Amino acid sequence: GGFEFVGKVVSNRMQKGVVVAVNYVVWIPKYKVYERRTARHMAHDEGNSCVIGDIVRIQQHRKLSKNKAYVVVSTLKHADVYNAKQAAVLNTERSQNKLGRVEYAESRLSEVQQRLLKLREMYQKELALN
Amino acid sequence: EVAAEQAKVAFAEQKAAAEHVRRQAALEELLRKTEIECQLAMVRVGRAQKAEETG
Amino acid sequence: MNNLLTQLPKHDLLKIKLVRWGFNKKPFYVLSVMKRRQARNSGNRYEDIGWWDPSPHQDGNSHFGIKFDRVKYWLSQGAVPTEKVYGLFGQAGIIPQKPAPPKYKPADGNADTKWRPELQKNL
Amino acid sequence: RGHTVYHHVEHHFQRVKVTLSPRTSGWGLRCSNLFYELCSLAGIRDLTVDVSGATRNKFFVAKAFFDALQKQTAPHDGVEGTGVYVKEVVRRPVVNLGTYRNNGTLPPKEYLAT
Amino acid sequence: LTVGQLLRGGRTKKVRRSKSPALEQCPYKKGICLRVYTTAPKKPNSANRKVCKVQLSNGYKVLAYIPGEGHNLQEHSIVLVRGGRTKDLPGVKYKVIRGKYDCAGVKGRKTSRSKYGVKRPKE
RNA sequence: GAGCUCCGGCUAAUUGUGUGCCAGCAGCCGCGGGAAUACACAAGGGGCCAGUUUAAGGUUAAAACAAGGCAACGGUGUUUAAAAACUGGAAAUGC
RNA sequence: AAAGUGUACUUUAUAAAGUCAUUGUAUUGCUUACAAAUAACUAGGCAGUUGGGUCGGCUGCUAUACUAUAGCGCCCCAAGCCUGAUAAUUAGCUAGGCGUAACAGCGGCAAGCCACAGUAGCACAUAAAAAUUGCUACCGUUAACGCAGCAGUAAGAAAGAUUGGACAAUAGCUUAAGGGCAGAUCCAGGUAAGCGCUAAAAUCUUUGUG
RNA sequence: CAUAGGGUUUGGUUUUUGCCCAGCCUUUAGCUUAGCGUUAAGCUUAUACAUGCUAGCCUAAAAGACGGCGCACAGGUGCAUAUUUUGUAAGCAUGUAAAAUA
Ligand SMILES: [K+]
Ligand SMILES: [K+]
Ligand SMILES: [K+]
Ligand SMILES: [K+]
Ligand SMILES: [K+]
Ligand SMILES: [K+]
Ligand SMILES: [Mg+2]
Ligand SMILES: [Mg+2]
Ligand SMILES: [Mg+2]
Ligand SMILES: [Mg+2]
Ligand SMILES: [Mg+2]
Ligand SMILES: [Mg+2]
Ligand SMILES: [Mg+2]
Ligand SMILES: [Mg+2]
Ligand SMILES: [Mg+2]
Ligand SMILES: [Mg+2]
Ligand SMILES: [Mg+2]
Ligand SMILES: [Mg+2]
Ligand SMILES: [Mg+2]
Ligand SMILES: [Mg+2]
């Protein structure tokens, strides 16, 4: 076992290195339950640009150092990073204009109707494929 | 070797069938939830008109 | 428990040997594929292939069982039977009989009593 | 059939617990001496009985045993309303996996099929 | 308990003490008598029961009761001790086996001779 | 046939003599203060049997995952609470 | 390779063969993951410590993979790594096995793996190897020896067998002249696990007499 | 191949908790004990050891190992070891690569 894992990035402080957390369960014969446990694995990152909080896939590889024997193969999800410049633009748009009770409610209703209509078309296409 | 090759083809066919089932189910749930949201939106519009009169 | 070995020896020979599985003065043997240099009844084996009962029965015969297909397989790989196993295979017709060298030593006059002090006490 | 119970029975008389387990015909009786005498009177021939709890008062123990026997249900209770034929069948009972392993034996082939 | 409590060492096996701790899980122990005297039992009994203080080969000192009618034990006498408690004597938890190295059997005993170290009369 | 042990109750198996809270017995409840089926002996009987009866260890006679309590005694002074486990919810403003 | 090769060795009016030396398509392999007793009246641990770069890491003699286990070692560079960690107590492990309806609990037998040979550090020995191989210091007896190889002796302990026979069989070492070696092993002696049988005679067993 | 209880706490009853006994398996001690065949076995000390034995066989550059092959096999113990180990699973590049057959 231990050929492949999917986990979360918890440390990117090393050069071309990363630490990934893994979850697994163990069977306890006496109490007839599965016990949840955790482990930490160090993996090699050629890109050297990982972010703490990413979901990545690591694979078994030749030993590279004392505690590094895995290589990062792919990223399944990218962690969110705060950007002040983008946030300031959004705040300006929100403060640019304001609507009344009725206008805001009518706008909300129209937006939902348009989203619902597109979803119905997609569902019909899926049924046609079936 | 011949048996192994057939198994790989069988696995690919089974995976494709499973994905289609899940995709349809997800769309069905999403459509139902959106309909509920639309009904609440129509109710809110009526309250907004009523509240404006009080102001 | 007694998982059979899979890797072949690198510095020793494979042989087909007799393993003593009898009782007091009631011998019984099992044929197995084992490393040449080991204990007689060691648990390290590649396969068990047969059995032999050397004593006569009411019908006046000895009884011997063997796997015909597996004996050929191991003989092809390089397993070397011992002297007694050659005799069993020769009589059973699995392989031709192996000739023996000429003998000159005066045979032993006390072969069934020399090693049994109980008889010598009566003698 | 006049020798055992219809199914498993568990009864809770005040501060006493009694359990009854059916057994195959001819197996025998496995119970305490008091219940052995009671089974002889009623005619029960094959059964397993286990009693636990506050068993100091033997009047309650006997009363609990009496009430348990009266909680059985029969295949012919209101059979006219079912619209079917309730037929007796022959099926050998099984034991747990541990009992097979310790005895070095196998279960019915219908379950070992692979 | 909950599942989490059970997993984190919730249950601990009950521990029970021995009744003859001085024997160190041995059926018997040899010793040498230090003092021989008599003691009185607790209520409601009344008697002068014979006891001796023995130092065991492991260095422990215990009180031992001498069964039977009469004894020849003195100070500096080798005896063998076993388990067994005298209920009416407080603190006495061991007994002396009679008939062994120095202790002798009760004179005149006719019944249960084995428990008092008396041989069968040949006459 | 031959020995070892037991015969108040749990537990299959009793009478006599001696002793008189003395000598002693005892796995538990307990026996012995001049009328002892429980001490010692004799007889009779029960069990096992070339074995038998103590002592000392493993496990069972549900320590409770199947399966115990906080109602005989045990829930801690109260609240807040980024681990873990389980898992959607009805909050904010104004005279 | 249960093989080939030789200006080599041995035997033969009878000869087939073996002995010794040498030879293999890369010329004897490393790494990772999970499980397995108590333990917080053990709360901090680590600085070669965590990661990166150059160099070294030998025993040659197909070609590429841009060097193709490794802080394994030196130098340099960046500050990271672990946190029921670190430190303690106890135990050889697996398993046969014994109790139990099971779950659980405990650890005499046949066999497999690991460690050790009075204590400790080293040299050979890499790949299948140090009880019966060496060097040094130390401990105990007397320059030597260390029975946890078989039998045996002394002390200790409630409790531990003969200073026996044989290589006839099974397995092993050597040897082409058919032999040699052997406390493995097979047999016997001793000790009330267990299992079986005997401890009384009968037409001198009508399975007889003739 | 499938789950058995009894005794005890002295105004009575009910209820809670503790204590003791009956089975199977294994070693010693007392008393006692005819023989033959056979199965499974040697359960405390890595305490100190008189004596005998357990690995040798073959060959020869002048009658001799200095040379070849074995002692890398068997047999003993559980001091140390909580993981260095044990029990398992997984990973490790290429049409094995050259040459006019013009
Ligand atoms: K007495
Ligand atoms: K409680
Ligand atoms: K308080
Ligand atoms: K050492
Ligand atoms: K020992
Ligand atoms: K050679
Ligand atoms: Mg019960
Ligand atoms: Mg008595
Ligand atoms: Mg009676
Ligand atoms: Mg009595
Ligand atoms: Mg009496
Ligand atoms: Mg140890
Ligand atoms: Mg050493
Ligand atoms: Mg060796
Ligand atoms: Mg020594
Ligand atoms: Mg010895
Ligand atoms: Mg031979
Ligand atoms: Mg005895
Ligand atoms: Mg039983
Ligand atoms: Mg040679």
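All Cβ positions, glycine included, derive from the backbone under ideal geometry; neighbour counts span all protein chains shown. Nothing in this text is a laboratory measurement; each read-out follows from the coordinates by a stated rule.
With the crude spin-label approximation of a point 7 Å out along Cα→Cβ, what separation in nm comes out for B:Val2 versus E:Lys115?
8.6
Give me the one-decimal nm value for the distance between modelled label points at C:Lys105 and A:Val102, 7 Å along each residue's Cα-to-Cβ direction.
Those two pseudo-labels are separated by 12.7 nm.
Out of residues 5 or more away from A:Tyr31 or on other chains, whose amide H comes under 5 Å of its own, with H placed 1.01 Å from N in the peptide plane?
For A:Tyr31, whose amide H was placed from the backbone, there are no distant partners under 5 Å.
Length gain on complete extension for the stretch A:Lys8 to A:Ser74, per 0.36 nm per residue less the alpha carbon to alpha carbon distance? Don't jump to the answer; show the numbers that get you there.
On the way: separation 66, 0.36 × 66 = 23.76 nm, distance 1.22 nm.
This chain segment gains 22.5 nm when fully extended.
Peptide A:93-103: average number of partner chain Cβ atoms within 10 Å per residue?
Values: counts 0, 0, 0, 0, 0, 0, 0, 3, 9, 5, 1.
Mean partner shielding for this stretch: 2.
Distance from the Cα centre of segment D:69-107 to that of segment E:13-91, in angstrom?
Computed from Cα coordinates, the inter-centre distance equals 61 Å.
Would you mind checking the tilt of helix A:101-129 against the longest principal axis of the Cα atoms of chain A, expressed as 0 to 90 degrees and rounded to 10?
Here the helix axis deviates by roughly 60 degrees.
Taking θ = phi - 60°, what integer Hz values does the Karplus form 6.51 cos²θ - 1.76 cosθ + 1.60 yield along segment C:55-61, in sequence order, with x for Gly and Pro?
Rounded to whole hertz, the list is 8, x, 10, 4, 7, x, 10.
Kindly state, to the nearest 0.05, the FRET efficiency for E:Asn48 paired with E:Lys100, given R0 = 22 Å and r defined as their beta-carbon distance. Can you show the working numbers first?
Working: r = 24 Å, r/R0 = 1.10.
That gives a FRET efficiency of 0.35.
If you take each beta carbon of peptide B:25-32 and count the beta carbons of other chains within 10 angstrom, what is the mean?
3
Taking 25 Å as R0, compute the FRET efficiency from the Cβ-Cβ separation of C:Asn24 and C:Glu47 and round it to 0.05.
Values: r = 29 Å, r/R0 = 1.16.
Approximately 0.30, to the nearest 0.05.
In which sequence would E:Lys19, D:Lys17 go, from the one with the fewest C-beta neighbours within 10 Å to the one with the most?
Values: E:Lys19 10, D:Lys17 16.
Sorted ascending by nearby Cβ count, the order is E:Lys19, D:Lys17.
Any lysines with Cα under 21 Å of the E:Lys119 Cα? List them, leaving off those in the same chain fewer than 8 positions away.
Excluding near neighbours in sequence, the set is E:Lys95, E:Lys100, E:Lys107, E:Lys110.
In whole percent, what relative contact order does segment C:34-123 give with Cα contacts below 8 Å and a gap of six or more residues? Provide the component values of the computation, followed by the final result.
Values: 43 pairs, mean separation 10.9, N = 90.
So the answer I get is 12 percent.
Sum up the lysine pairs in segment A:1-89 that clear both bars: alpha-carbon distance under 24 Å and a spacing of 8 or more or different chains.
The number of close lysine pairs in segment A:1-89 is 11.
Which of D:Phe59, D:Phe13, D:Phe35 ends up with the largest GNM mean-square fluctuation for chain D, with Cα atoms connected below 10 Å?
It is D:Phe59.
Using only Cα atoms, figure out Rg for the protein assembly as shown and give it as a multiple of 2.2 N^0.38 Å.
On the way: Rg = 44.1 Å, N = 545, 2.2 N^0.38 = 24.1 Å.
Output field value: 1.83.
Tell me the angle of helix A:84-96 to the major Cα principal axis of chain A, expressed in degrees between 0 and 90 and rounded to the nearest ten.
20
At 7 Å along the Cα-to-beta-carbon direction for both E:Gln25 and C:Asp59, put a label point, then send me their distance in nm to one decimal.
5.7
Got a sec? How would B:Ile36, C:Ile49 order by Cβ neighbour count within 10 Å, fewest to most? Can you show the working numbers first?
On the way: B:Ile36 9, C:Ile49 22.
Placing the least packed residue first, the sequence is B:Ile36, C:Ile49.
To the nearest 0.05, how large is the calculated FRET efficiency for E:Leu1 and D:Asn103 if R₀ is 56 Å and r is the Cβ-Cβ distance?
Working: r = 34 Å, r/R0 = 0.61.
Rounded to the nearest 0.05, the efficiency is 0.95.
Would you calculate a helix-derived [θ] at 222 nm for chain A, using -39,500 (n - 2.57) for each DSSP H run of n ≥ 4 and dividing by the full residue count, to the nearest 500? Intermediate values should be presented prior to the final figure.
On the way: 2 runs with 42 residues, N = 130.
When only DSSP H runs of four or more count, the value is -11000 deg cm²/dmol.
What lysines sit close enough to D:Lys58 to cross-link, taking a C-alpha to C-alpha distance under 26 Å and skipping anything fewer than 8 places away on the same chain?
D:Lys17, D:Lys71
Identify all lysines with a Cα-Cα distance to A:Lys125 below 24 Å; exclude those on the same chain that are fewer than 8 residues away in sequence.
B:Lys15, B:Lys33
When Cβ neighbours within 10 Å are restricted to other protein chains, what is their mean count per residue of peptide B:41-50?
Numbers: counts 8, 4, 2, 6, 7, 1, 2, 8, 4, 1.
Mean partner-chain Cβ count within 10 Å for B:41-50: 4.
How do A:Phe3, C:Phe64, B:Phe11, C:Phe89 line up, fewest other C-beta atoms within 10 Å first?
A:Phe3, B:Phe11, C:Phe64, C:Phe89
For a quick check: with amide H placed at 1.01 Å from N, whose amide H comes under 5 Å from C:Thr82's, ignoring anything fewer than 5 positions away on the same chain?
Counting only residues 5 or more places away or on other chains, the set is C:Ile16.
Any idea how many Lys pairs in segment E:1-45 come in under 26 angstrom at the alpha carbon, given 8 or more places apart or on separate chains? Don't jump to the answer; show the numbers that get you there.
Numbers: E:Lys19/E:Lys29; E:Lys19/E:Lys30; E:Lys19/E:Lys42; E:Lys19/E:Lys43.
Pairs that pass both the separation and distance tests number 4.
Using only Cα atoms and rounding to the nearest 10 degrees, what angle (0 to 90) does helix C:68-77 make with the longest principal axis of chain C?
With both axes taken from Cα atoms, the answer is about 70 degrees.
If contacts are Cα pairs under 8 angstrom and at least 6 residues apart, what is the relative contact order of segment E:56-123 in percent? Could the numbers behind the result be given before it?
On the way: 94 pairs, mean separation 20.0, N = 68.
About 29 percent, as a whole number.
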